[PDB]
Structures are given as structure tokens and as C-alpha cells.
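Read top to bottom, the protein sequences are chains Y and H.
Numbered per UniProt numbering, the first sequence spans residues 4 to 347.
Numbered per UniProt numbering, the second sequence spans residues 4 to 347.
All C-beta atoms, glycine included, are put in the ideal place defined by N, C-alpha and C.
Protein chains: 2
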Amino acid sequence: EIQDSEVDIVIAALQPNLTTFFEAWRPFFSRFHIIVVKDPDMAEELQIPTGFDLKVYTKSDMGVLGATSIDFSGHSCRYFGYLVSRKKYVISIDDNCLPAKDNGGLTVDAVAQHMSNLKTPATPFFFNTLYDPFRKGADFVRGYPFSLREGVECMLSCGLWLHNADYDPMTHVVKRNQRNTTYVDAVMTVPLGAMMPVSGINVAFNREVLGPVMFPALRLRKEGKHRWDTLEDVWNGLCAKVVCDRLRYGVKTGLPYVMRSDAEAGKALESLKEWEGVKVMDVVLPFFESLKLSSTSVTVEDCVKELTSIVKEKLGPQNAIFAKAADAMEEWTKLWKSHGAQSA
Amino acid sequence: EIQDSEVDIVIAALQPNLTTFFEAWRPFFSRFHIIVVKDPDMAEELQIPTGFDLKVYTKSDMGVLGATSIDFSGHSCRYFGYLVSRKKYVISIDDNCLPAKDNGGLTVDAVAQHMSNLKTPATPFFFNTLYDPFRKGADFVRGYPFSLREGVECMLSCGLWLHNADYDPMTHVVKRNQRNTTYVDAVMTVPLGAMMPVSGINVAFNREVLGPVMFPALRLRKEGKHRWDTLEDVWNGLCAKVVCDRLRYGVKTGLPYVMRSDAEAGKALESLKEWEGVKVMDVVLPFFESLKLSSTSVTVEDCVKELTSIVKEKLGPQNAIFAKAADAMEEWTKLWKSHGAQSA
């Protein structure tokens, strides 16, 4: 259950000029606290039209700890905002996304839909064929058992994207001019145990619960500024999902849509040439099918504690990015106990 | 891959006058073979228009089966059509449904959509957040592992319903004039292991594979003439779903929609007054939550055999309907070996 004052708009600034971004999102963002973060690599500064509650940050400020095994450049910088926040919930999208068009031509307040997704229970144990049983017009289908009608609280809500959808760069280059135009009016609970790709590009979550597992790790290389270049968010998703399923907590996907503006010419190919991600996911898959956890862990941190070991021993010797990521998971576990932990 | 020549439209008639129904479905049924079945409890005569490839069946034909422990009255009569059909795929709709209109105002050829759902592989091992990745405009989301792009065969397609949605009679009486108006333009594979309520109202499946398990069992009351009164289909749903998961076959839900014509005034209360389904589902759920079939089972015949026993063993003594359902589950297993089988 939610009131507005517990929301932090956490934004990655990878484009410095955010006039178009904020002026379009303004009616929906304005009433909230906004933690913009400057990309450490940025050879320019954030040209933001103001009138918002902005608590901007930059690379120097992070030095309050060295974080010796983590790189916060690029997309990873957005995780700093999760650490220097003191709010219960994080609503997070990237600077290249704009407010969407509904089927009715209505402008989709994704921020109000994210808040709705979380306060509203989730149904991971049984698939309601009408989807969200609490949305208007939807309800519980005949055969949905009654003991389950009051779902577990939703800890993570990941939305969708029109236009330049979150395809891998290979799929993007080859398909040429495929753009997403199918507005699917649906939000649904991802069933228990079911794996999913959590797009970092449009997501909101309980900072206080899942902040420990949202660790910036398994970035493929230092360079790269399009979501193509990394798999760290899809990786966080798998971790967070097995955490939620072990705890009988809920996850939702679907609405809201944001409209993701298109890429500069050919960068898809430029990033394609160096995207090892094909091989990565097909080894990471058997690992998470092979992640049936021992019974002891019942705190979020315990599941993290248990997981870093099972990652380090099983995946560690397979590739540098994995060991270097498990070490980043432990360093992030410290960072949460140290700088993320509650006080406000 | 499917052609029209392999589809048998098997329909239960509980309404005697099917002129309004068939003339509306004509553009879509005409090109197919239609196996109407008259409800044994039905005295009057079937007013069906001409111009179809119809082989009506009747109480007379049902008794030559000599079914010792199967009751074919009401919705259950539709299971006779699955036994005496000799085609690969059975598309089955209830007489109270009419073809739906999409957001573009188009009338949904649900028969062509079910076939599309089946010709198309399924993605049960990993949740593609754009839903069916082979539908146009949809595709595989970044991070979806590549070995899983080759989907397993889709053996079951469950469609949805506008207007008088498949709410249980309790939800129907209490929520009053709630009607479904949300056309969710998306079809999706139900992840592995996730239980679901499969509505009998608008569904299609591979007869030769899943036909043994689409069995008449779990009659809760003597005659449930509205889908409210019955759970025989929901029982099929859970059973076949565990089969599909053991055999690594896929199940899809969503498109197509039918416009489910509304109910007789107040009949909802007539059926709720006796709808014990509240408790039934609360016992059937944990059974399937605790139900893992042996890895030894590799054919459908193995899985039905193993499951009917586990039903006989665990659920049988919990209520007469379960043992009586295991008895009918077993009787159908013979009837398939004796009467139904074809090329699997």
C-alpha cells in the first residue's frame, strides 16, 4: 500500500540534454522527488529545465566509498540512486523514453500505473486467464481457487515499451524496420518459478526489499550506452525473481507502456560487433534452472548471501564477467548494509 | 503445421435452436467438418441450418458406447465428439458464444486464430514479455536465451471471452452487471508448472495427443447446464497441464475472443444455491501444487495412467466426486484405447 511521498523518480542521464525528456514527463513527474545521476563518463553536463525536486549526483560524490570491484559508468550509474535514496519505492526509466499513447489516444501516466501495480496484490500461484483480477473489467475466472484470491504484495513492477522495443541488437539490425505498435492493455503476475527478462528500461520496485539484489554486475564491457550493450538488468531480474519466489512475494509485468524513442543511425551494428550476449544467456539459463535453493535462507540478505556462493562456485570459473560479478554482488551487499540501509 | 482438412469443429448443443448461432459462425465454420452433439437430457430437436458438413450425434449414438461410469449429459456430451472425431485438431466452442469484435471493429475468425496458435511454437521455459514472439510486431526480448527460441509444440489453445465472461456463479451474482470489455490483443504461453483455469467455452487442442486427458470427470452436480455449475473442464485443465509440463509441450492463452451471449435472468442464483465449487477448488489446488509426475513417464498414456492412480490414491477418499472421477478417468483411458485412438 502506497502514498506518493514514498516514491523516488530515479533517472539515468546518458544524454545530457534532458529538456525534451523532462518537459514531456513533467505533468507526471513533477509532484515527486527525482534522483537524476550523471554518467561518470559524460563529457558534458545535464541541461535540465528546472521546477522539479532534483537531487542530482555525479561521479565524484560516489567516492564516499571506493567500491573497489564495481564500475558505475553508463547504465550502472542508475544504481547509485537506489543507494542514496531513503524512500520505500523506486520508479525508474531511462532518459530516452517518453510518455506513451494509449489506444484511445490518452497519455499514459506510467508513474500512476506503477504505483497501482505495487499496492495491488499479485497472483503468482495461479494464472488468472483474464489477467489482473483487480483491474476494472477484470475479475477472478471460474476455477481460480478461493484460498488464493488475496495475493501476496507486489515487490517489483516492470512495464513495457512502444516503438523502439527492447530487442537485442542482433534482432534489431536483422529485422530492419520492426517497431512495436501493439498496445496490449494488460498487467499480469509472472507465475511462481517462471523466469523472465526484466527490462531495466521501465521498472519500479520496493527499494527497502529488493535494493539488495539490484546489484550493478555482469556488464559486458566498459563502453556502451544503449541497452543493447549490457545484460545486467536481465541478470538482476533473474536474481530478484528467484528471491521473490523463495519468499512468496510477487512480480508484475505489462502496463504501463512508455514510448522509447529511436536510435542514432547504425549504432545497432556498431554495438552488435562487440555483443557477446548470445553465448552468455544460454549458459546463464541452465544456471538459473539449476538454482533450486537450500531451505535456510529466509531474509532477503540470506538469499543474496546464499546466491553469491552458488554463483561464484558454479559460474565463477566459466568467465571473467561472472566471478567479477559475484565479487560485485558481495561488494554491493556491503554497500547496502553501509549506505543503502534505512534511516529516513 | 496445419491445414483446414485436419480440423474438426466439435460442438455441444444444450440450446435446441442453433440457427442464430451457426448463421453467425458460418463464414468461419463452413469450410470445416462440424460434429454437433445433442445433449442426452435434451428432449426437443436441433434446428441447425443447412450448408454444413455435419454429423450430428445423439443419445442413441451415445448409448452404444455402453459407458458404465461416464455421464454424458450437459456439457459432458462434448467429450463424445472428441472420441468419435477422427481428425488431428478439435476446435470447440459453446452454443452460447458468437464471434467477437476486436478494437478495429473486425470480427475475430477464432477458428483461424486457434489454428494459428497451434501452428506457432510455444515458449513455456522463459517469459517473453512481448508475449507470443511469433505474432507480428512481437519478437524475442533482449535477454531471451537463444536455444529457447525453438519453441516446443503447442498442444492447447484456450481463448477468452467478451461480455458474459467465465466468472463463477458466486462472483456473477454478487458483482452484478460486470461484463468483460477489455480486448487484450495478445496471446501468450503459460509458463512451465503454472496452474491455470482452462475455460471449456472457447478452446482447441491436438486430439491425438491430449485427447486421452480431456475426459468427462468431476461432475459436481447432476446437471450443470451453465458453465457456472461445472468444473469438469477446469479438471481437464489441471490434468492436461501437468501432462504438457511432463512431456515438454506448450499451452497458450489469450486470443481469440468470442462474444459470450448473456445469461437467462436470475439463473445465476439458481446455480449458485447449489455450487459447492467453493471448497472443491481449495482441495484440488494443493493436490496439484504437490503433484510431480515420474520422469519415467514419456507418453501421454504413461501420464494419464500415473495421474489417475494418484487421484485414486490421494484424492479418492476425500470426496465421492474424486474417486468417481478417477473411475471415469480410468474408463475413458480404455475408451480411448478401444474407441478413440489414431496415429498416436
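Looking at residue 155 of chain Y: is its Cβ nearer than 7 Å to the Cβ of residue 251 of chain Y? Taking 7 Å as the Cβ cut-off, residue 155 of chain Y and residue 251 of chain Y qualify as a contacting pair.
Where DSSP assigns a beta bridge to residue 125 of chain H, which residues make up the other side? In DSSP, residue 125 of chain H forms a bridge with H:155.
Determine whether the Cβ of residue 249 of chain Y lies closer than 7 Å to any Cβ atom of chain H. Cβ-Cβ to chain H under 7 Å: no for residue 249 of chain Y.
Taking just the CA atoms, how far does residue 268 of chain H sit from residue 105 of chain H? Cα-Cα distance, rounded: 27 Å.
Close Cβ partners of residue 219 of chain H (< 8 Å) along its chain, the five nearest in sequence each way excluded: Result list for residue 219 of chain H: 73, 74, 75, 79, 82, 235, 331 and 335, in chain order.
Comparing the C-beta of residue 162 of chain Y with each C-beta of chain B, is any distance below 7 Å? Absent here is chain B; the protein component of the structure consists of chains Y and H.
Span of the alpha helix (DSSP H) holding residue 237 of chain H? Annotation for residue 237 of chain H: the continuous alpha helix (DSSP H) segment containing it runs 235-250.
Is residue 216 of chain Y close to the ligand GTP? I mean its beta-carbon at under 6 Å from any heavy atom of the ligand. In the structure shown, the ligand GTP is absent, as is every other ligand, since no ligand is present at all.
If you drop the 5 nearest sequence neighbours on each side, which residues of the same chain put their C-beta closer than 7 Å to that of residue 116 of chain H? Counting only Cβ-Cβ distances below 7 Å, and skipping sequence neighbours, we find 258 and 259.
Is there at least one Cβ from chain Y nearer than 7 Å to residue 171 of chain H's Cβ? It does; some Cβ of chain Y falls within 7 Å.
Go ahead and pull the three-state DSSP assignment for residue 179 of chain Y. The three-state reading of DSSP puts residue 179 of chain Y in coil, since its state is none of H, G, I, E or B.
At a Cβ threshold of 7 Å, is residue 269 of chain H touching chain Y? Using a Cβ-Cβ cut-off of 7 Å, residue 269 of chain H does not count as an interface residue toward chain Y, since no Cβ of chain Y sits closer than that to its own.
If I measure Cβ to Cβ from residue 317 of chain Y and keep anything under 8 Å in the same chain, skipping five residues before and after, which residues do I get? Excluding sequence neighbours, residue 317 of chain Y sits near 290 and 293.
Residue 320 of chain Y versus residue 6 of chain Y - alpha carbon distance: Straight across, the Cα-Cα distance linking residue 320 of chain Y with residue 6 of chain Y is about 46 Å.
Taking the C-alpha atoms as reference points, what is the distance between residue 88 of chain H and residue 215 of chain H? Near 13 Å, if we compare the C-alpha coordinates of residue 215 of chain H and residue 88 of chain H.
Proximity below 7 Å, CB of residue 85 of chain Y to CB of residue 217 of chain Y: Contact: yes.
Taking the CB atoms as reference points, tell me whether residue 338 of chain H and residue 173 of chain H lie closer together than 7 Å. With contacts defined by Cβ atoms closer than 7 Å, residue 338 of chain H and residue 173 of chain H do not form a contacting pair.
My output table needs one value for residue 349 of chain H: the three-state DSSP class, helix, strand or coil. It is not possible to answer for residue 349 of chain H, since the shown part of chain H is limited to 4 through 347.
Counting only beta-carbon separations shorter than 7 Å, does residue 189 of chain Y have a partner in chain H? Residue 189 of chain Y counts as touching chain H.
For a contact meaning CB atoms closer than 8 Å, what does residue 130 of chain H contact in chain Y? For residue 130 of chain H, the residues of chain Y that pass the 8 Å Cβ criterion are 193, 197, 198, 199, 200 and 256, in the order they occur in the chain.
By Cβ distance below 6 Å, which residues in the same chain neighbour residue 176 of chain H in space, the five residues on each side in sequence not counted? Annotation for residue 176 of chain H: 271, 272 and 275 place their beta carbon closer than 6 Å to its own, counting only its chain and skipping 5 residues before and after.
Taking only three categories from DSSP, how would you classify residue 73 of chain H? In this structure, residue 73 of chain H counts as coil in the three-state DSSP scheme.
Quick one: which chain H residues come within Cβ less than 9 Å of residue 234 of chain Y? The contacting residues are 145 and 146.
Threshold first: 4 residues or longer. Then list the alpha helix (DSSP H) segments lying entirely within the segment 259-321 of chain Y, N to C. Whole alpha helix (DSSP H) segments, 4+ residues: 270-275, 280-292 and 303-317.
4 or more residues per run - each alpha helix (DSSP H) lying fully within the segment 193-229 of chain H: Taking only runs of at least 4 residues, the alpha helix (DSSP H) segments lying wholly in the segment 193-229 of chain H are 210-213.
Using a Cβ-Cβ cut-off of 7 Å, state whether residue 183 of chain H counts as contacting chain Y. Yes, because at least one Cβ of chain Y sits closer than 7 Å to the Cβ of residue 183 of chain H.
Using the three-state DSSP reduction, which class does residue 79 of chain H fall into: helix, strand or coil? Of the three classes helix, strand and coil, the one that applies to residue 79 of chain H here is helix, per DSSP.
Where residue 61 of chain H falls: helix, strand or coil (DSSP): Secondary structure of residue 61 of chain H (DSSP, three-state): coil.
Who are the Cβ neighbours of residue 246 of chain Y in its own chain at under 6 Å, not counting the five residues just before and after it? Listed in chain order, the non-local C-beta contacts of residue 246 of chain Y below 6 Å within the same chain comprise 216 and 306, local neighbours out to five positions each way being set aside.
Per DSSP, what kind of secondary structure is residue 256 of chain H in: helix, strand or coil? In the structure shown, residue 256 of chain H sits in a strand (DSSP, three-state: E or B).
Exposed or buried, residue 54 of chain Y, counting other C-beta atoms within 10 Å across all chains shown (16 or more means buried)? Under this definition residue 54 of chain Y is an exposed residue.
What residue range does the beta strand (DSSP E) around residue 101 of chain H cover? That run of the beta strand (DSSP E) goes 100-102.
Does the beta carbon of residue 126 of chain H sit closer than 7 Å to a beta carbon anywhere in chain Y? Taking Cβ atoms only, chain Y never reaches closer than 7 Å to residue 126 of chain H, which makes this a no.
To which residues of the same chain is residue 326 of chain Y closer than 7 Å at the C-beta, ignoring the five residues directly before and after it? Excluding positions up to five away in sequence, the list reads 315 and 319.
Would you report the Cα separation of residue 4 of chain H and residue 178 of chain Y, rounded to the nearest angstrom? If you take the alpha carbons of residue 4 of chain H and residue 178 of chain Y, they lie about 24 Å apart.
Neighbouring residues, chain Y, relative to residue 230 of chain H (Cβ below 9 Å): By Cβ distance, chain Y contributes 145.
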